[PDB]
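For reference, the structure discussed in these notes is given below.
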């Protein structure tokens, strides 16, 4: 038995309702379960038997349907609902999960908070230097990050890490790490990160000089 | 075990001294006290008795007492004084949870009745003892040695508080000694009215149901009903 | 309530065998259905197997038939999963789940899903060896202060394999803590940096300590973060 | 589409009164323990998990049955023994002397 | 063992019916008569239950499906909160009112 879940991705503002449709290749009576999973956390069951609400789950989640079509509805979206949703069948072995839908939260555009930091002396003792610049609480997630070492653009030596959307204010955070050898770090003096964001009128550049606090 | 005013050879509580009553505010009800540790008691009849057989008919004999060789002394029991002190302290400490923290609690002796209900009556190896417990329950409590209880011996026995049937206990030959555990108490409370700040407890008994109610107090009997109906989604084929 | 406790992370070699344990608290073990599931990094869920211990005949997926074994121990109330001949694609997070079932007679059993989930165990197979983590304190400075809020943290480098657990003040501080996901470098090892933003007035009064744990290497490092002396 | 299904052997119970029987470990005793069933060496005790019950110490019907059994055994033990009807006569009694103590005066009598 | 699942859910207790089923048949002159009556009464209760099961069309079964649909006025709870969040002792206390109606329906459905 194959389960198809639609839509693949969906984003709505706070206060609106969303619907996810799970379709079965053949009749499974009403043996469907809806699960929710947050990043870095085990899945949590929301709905069992297709429409029976689990204990401890808010009333905002509703499940319905029968035959081969089932629907999960969120009436009042909340900042903690950005997560991955799955529909699973247990009527007949083997049990199969759906592909899952990543529900995201839409909010107003927020300007990032820019910070920068050169590598610590303990890391410098190892011969490797990592300069890290961070953008905090910026929405939407898409942004442009560039590295400039002595007014020279750097490519192929930077790694960007993006956390998932926050469950409180629905804002993203990004970290750009530039990793070089000790000789390359002490060769140059000025290091800067340039950030371009939709809510920023002009790109924000954070720069520092080697050997200065 | 058949005894009055004291529970012998019974079971001990696991944590503390337990006080049980059907209605603790009603003074017409008895109070059952269960100890945490036992109190050893040694009872003895020291006379060297002789038994003689008298033929009273074809194939029927009667066992009488002959002569007592040596001197004649009184049967008695010994209990420990410090152990009884500690036990009464624990009992009054547990009692002060139902009547207040500033009430004087005093133990007195029995008040009126026949020989069975006013004495610790028990059976020690074929002989029926009736011991006087005025030295055990006599004290008051405000917020090496031994105690000797003299006893009497009786040979015509009326058991179960009935009338119309009596039993004769043939004499036992030789000196008699027994050792037992005190593991509980039966008490009754005097109805002190007119703003009484003190409580007086007296030993009681007489009804043997409270003797075996202190052992069958954690059991109940149930009857199984192995038939049920429930909604499923299976249909008969 | 019902709780499931699993073993720690596992690192193995190709062609070897791996065994995982899952212990249950709060239910009768013999009449409760237990299932083993797995999740690949960046992929969906894959129901591996499951069974009721009383029946004694587990159900398997045809893909994993001949490689997967599921057993139980009622004396210790723990279920064991054994996977043999691991391949390069078997590195994943394995979950132990539980659910209730009933019977309508004649060998029919009806289930309700998987209400209880474990925390998951990370299983990795590769040619690399264990490496103790290296911790470097990302100290706060004037360049990391904006509007009275200064950002500090701790970076972890030169460690393998996953995972590493990072906490602040033994879990006392949780607000404003961002732990970026680990990334893969050309050297074959991982790296990450867990940061936190705190008011600048507390830099000289509040002590910040990052506790990092690397269970497969059995490493526990507590690194204190202080503003850089100038 | 739900149907009634019958289950035989469900764990349900009610309060009841019945006759319990006696058992003793495995000869002349007042309580005929020899006539009771022998007792198993290792009895079974099954702890009922998550079960809360109600007990009443003062309205238990096992106490009445125990009292009746004890009385009946005591009455039964006296059937084959000697009757002392000829002992209800007039006795001529004297006080007992010869090495009694002060507390033992008048407690024994010598009757012919 | 016996009555082990008295605190477990209805679903968990449906897999151990034979344990309760087995412990219903074998598990002076005054006392001899009393003990005999207990055994006769146990046999009579077992035979009455067996006759009822046979009349309902469920002879020699522990779980038996029927053709009688479940009326929603007997209980409105769904299957998820009956077999997974309930015990038999609670279920009996709720359906004690409608037991005779269900029994009569079972009898008249099997006969016709």
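Brief remarks on what is shown
Residue numbering begins at 1 within each chain, and the chains themselves are lettered A, B, C, D and E in the order written.
Just so it is clear, a residue touches a chain if its C-beta (ideal position, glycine included) is under 8 Å from a C-beta of that chain, and two chains touch if they have at least 3 such contacts.
Annotation of chain B and chain C: jointly contacted by D, E, touch as defined at the top. By number of C-beta pairs in contact, C-E leads over the other of C-D and C-E. Rounded to whole angstrom units, the spacing between the C-alpha centres of chain D and chain E is 36. Between chain B and chain D the centroid-to-centroid distance comes to 16 Å (mean Cα coordinates, whole Å). Chain A and chain D have Cα centroids separated by 77 Å.
Averaging C-alpha coordinates per chain places the centre of chain A 19 Å away from that of chain C.
Residue positions 28, 104-105, 112 of chain C are each in touch with at least two other chains. Looking at chain A, one finds that residues 48-49 touch two or more other chains.
Shared contact sites, meaning residues of chain D that touch two or more other chains, fall at 1-10, 12-13, 18, 49.
The set of touching chain pairs reads A-C, A-E, B-C, B-D, B-E, C-D, C-E, D-E, using the touch definition from the header. Of all the residues in chain B, the ones that touch chain E in their complex are 224-236. Within the complex formed with chain C, the chain E residues making contact are 4-5, 8-16, 61-65, 80, 83-84. Those residues of chain C lying in contact with chain E across their complex are 27-28, 30-32, 54, 100-106, 110, 112. Across the complex, chain C meets chain A through its residues 35, 44-47, 50, 59-62, 95, 111-115, 117-120, 134, 136-139, 141-144, 146-147, 149, 151, 155, 157, 178-181, 183, 185, 191-193, 195, 197, 228, 230.
Chain contact summary for the complex, chain A toward chain E: residues 48-49, 52, 55.
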